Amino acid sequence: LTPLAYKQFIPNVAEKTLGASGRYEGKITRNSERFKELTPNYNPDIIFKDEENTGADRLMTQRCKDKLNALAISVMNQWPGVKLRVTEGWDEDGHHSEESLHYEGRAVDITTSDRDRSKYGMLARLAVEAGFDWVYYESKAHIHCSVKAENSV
């Protein structure tokens, strides 16, 4: 398989387009009507940084959890002794773009547990094969992956 290049995104369209992760609905806050859309991920095969000490990095939508758990398995098989690591999941800090999918729990920023940057291009490729709807080699320090929202009723 072929790693992504720095700043490459797949599919090669903007994140919030139909063919990628789709439109932003709105920010989910902790005491909001939509907080129930988020579920915590307690997978022992994923390392969550949780530098906030709030557990926010673990909260995500069901589709996000499904793709992330699949990626966790492929990371361990690619590099024995290494695990998937999440540095950002749902965000309440306002530390992303104004309509970031992190605010809806539909995006994660990821690394490997060893923080070996030489692996990140391949990590991004694994995220694509794990089925994330948009994958962006955003920083030398992390990959940004997002998923579609569930369909309206």
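Start at 1 and count along the sequence shown; that's the residue number. By rigid core we mean the largest C-alpha set that fits within 1.5 Å across both forms.
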task = Compare 27 to 35 with 119 to 127 and report which one shows the larger root mean square C-alpha deviation from this form in 5 other deposited structures of this protein once the rigid core is superposed.
result = 27 to 35
key: More variable segment, 94 to 102 or 61 to 69 [Cα RMS over structures in 5 other deposited structures of this protein, core-superposed]   = 94 to 102
ask   = Taking only the CA atoms, which stretch has the higher mean B-factor in the record, 129 to 137 or 9 to 17?
value = 9 to 17
request  = Can you let me know which of the two, 56 to 64 or 41 to 49, has the higher average C-alpha B-factor in the entry?
outcome  = 41 to 49
remark   = Top Cα B-factor in this entry, restricted to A70, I28, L123, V108, sits on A70
inquiry  = Among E104, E99, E88, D114, where is the Cα B factor highest in this entry?
reply    = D114
request  = Place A149 in the lowest, middle or highest third of its chain's C-alpha B-factors, as listed in the PDB entry.
outcome  = middle
